[PDB]
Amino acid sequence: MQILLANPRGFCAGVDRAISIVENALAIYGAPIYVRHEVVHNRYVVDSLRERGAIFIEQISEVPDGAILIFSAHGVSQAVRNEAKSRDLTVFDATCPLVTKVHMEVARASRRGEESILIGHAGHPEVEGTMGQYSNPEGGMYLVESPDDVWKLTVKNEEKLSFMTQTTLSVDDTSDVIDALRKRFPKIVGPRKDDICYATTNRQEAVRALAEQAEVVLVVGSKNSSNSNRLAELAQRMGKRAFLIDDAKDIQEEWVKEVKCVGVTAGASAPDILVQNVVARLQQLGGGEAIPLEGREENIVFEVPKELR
């Protein structure tokens, strides 16, 4: 059984920075260090940080004065940001720069009183944070998830409208939504394409190439990871059997029994160590040496704040 590895895969620049922010805060100031929401959507990472003394909370009000607080890589609303600022707390923002970029544009539109449309999935923390950047009553901030939502959307002034997107969406599906947006609102303004980050675009591209060769595709990632779900979804839609798994232990023998080529990849929040064990498990199940596919090189890095190096 041939084992193929997608490339690129795993850690993106934002996740690497976010994790290091928590680790370094712990190393430099010791436990406890409070984090609002899972720093990244990966069970393994969250469990490890918790075992090292990190305390994940849901509301800032749960954090004691004088403590250290970290915002997750997914970003937060202005209300959350302002609340933390007024509190007697030391705050370290692990929001990925690529999300902050979108935030700024939403705040800009809110400032001008012009309506904005966000393409994203309801309930996701990034969507919560991004829409949480808009607060001008005269304008408006709407969420659409599909062409259907666009078809049924109504706004105040279609002449002054702009759109933004979540960073981890399906490249293919988002294209459909944007097409509907421009057909419905010809004067809508946005970026040259969308706000899907380089990591999401690259990983979907890599899984596309993987799926072309593999019968089965294993995606290392947690259930609450948007980008990870998109990778498994892409493989499945290409006609291959795909499984989202947190670790090698989730692998069932029947999944790969008699399979000649199995592909493995990882969402932006899954550590390489997890992939290594997946490979090891597949090997004790008949797999040979893992073969890395050729892929787009990524060279972006986001440094942790100077105070935490």
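Rigid core (definition): largest C-alpha set, two forms, superposition within 1.5 Å. Quick note: we count residues from 1 along the sequence shown, nothing fancier.
Asker: Please work out whether 82 to 90 or 129 to 137 has the higher root mean square C-alpha deviation in 6 other deposited structures of this protein relative to the shown form, with the rigid core as fitting region?
Answerer: Stretch with the larger root mean square C-alpha distance in 6 other deposited structures of this protein: 82 to 90.
Asker: Comparing C-alpha positions in 6 other deposited structures of this protein against this form, with the rigid core used for the fit, which stretch differs more, 58 to 66 or 249 to 257?
Answerer: Between 58 to 66 and 249 to 257, the one lying farther away in 6 other deposited structures of this protein is 58 to 66.
Asker: Can you tell me which stretch has the higher mean Cα B-factor, 115 to 123 or 156 to 164?
Answerer: It is 156 to 164 that shows the higher mean C-alpha B-factor.
Asker: Which is higher in the entry, the mean Cα B factor of 254 to 262 or that of 274 to 282?
Answerer: According to the entry, 254 to 262 carries the higher average C-alpha B-factor.
Asker: Taking the Cα B-factors listed in the entry, which of 213, 77, 200, 224 comes out highest?
Answerer: Result of the comparison over 213, 77, 200, 224: 213.
Asker: Between 46, 245, 69, 26, which one tops the list for C-alpha B-factor in the PDB entry?
Answerer: 26 has the highest C-alpha B-factor of those listed.
Asker: What third of its chain's C-alpha B-factors does residue 171 belong to: lowest, middle or highest?
Answerer: Within its chain, residue 171 is a lowest-third residue by C-alpha B-factor, going by the deposited values.
Asker: Please place residue 97 in the lowest, middle or highest third of its chain according to the CA B-factor in the PDB entry.
Answerer: Lowest third - that is where residue 97 ends up once the chain's C-alpha B-factors are sorted.
Asker: Sorting by Cα B-factor within the chain, modelled residues only, which third would residue 138 end up in: lowest, middle or highest?
Answerer: It belongs to the highest third of the chain when residues are ordered by C-alpha B-factor.
Asker: Splitting the chain's C-alpha B-factors into thirds, which one does residue 36 fall into?
Answerer: Within its chain, residue 36 is a middle-third residue by C-alpha B-factor, going by the deposited values.
Asker: Within this chain, which third does the Cα B-factor at residue 60 fall in: lowest, middle or highest?
Answerer: Middle third - that is where residue 60 ends up once the chain's C-alpha B-factors are sorted.
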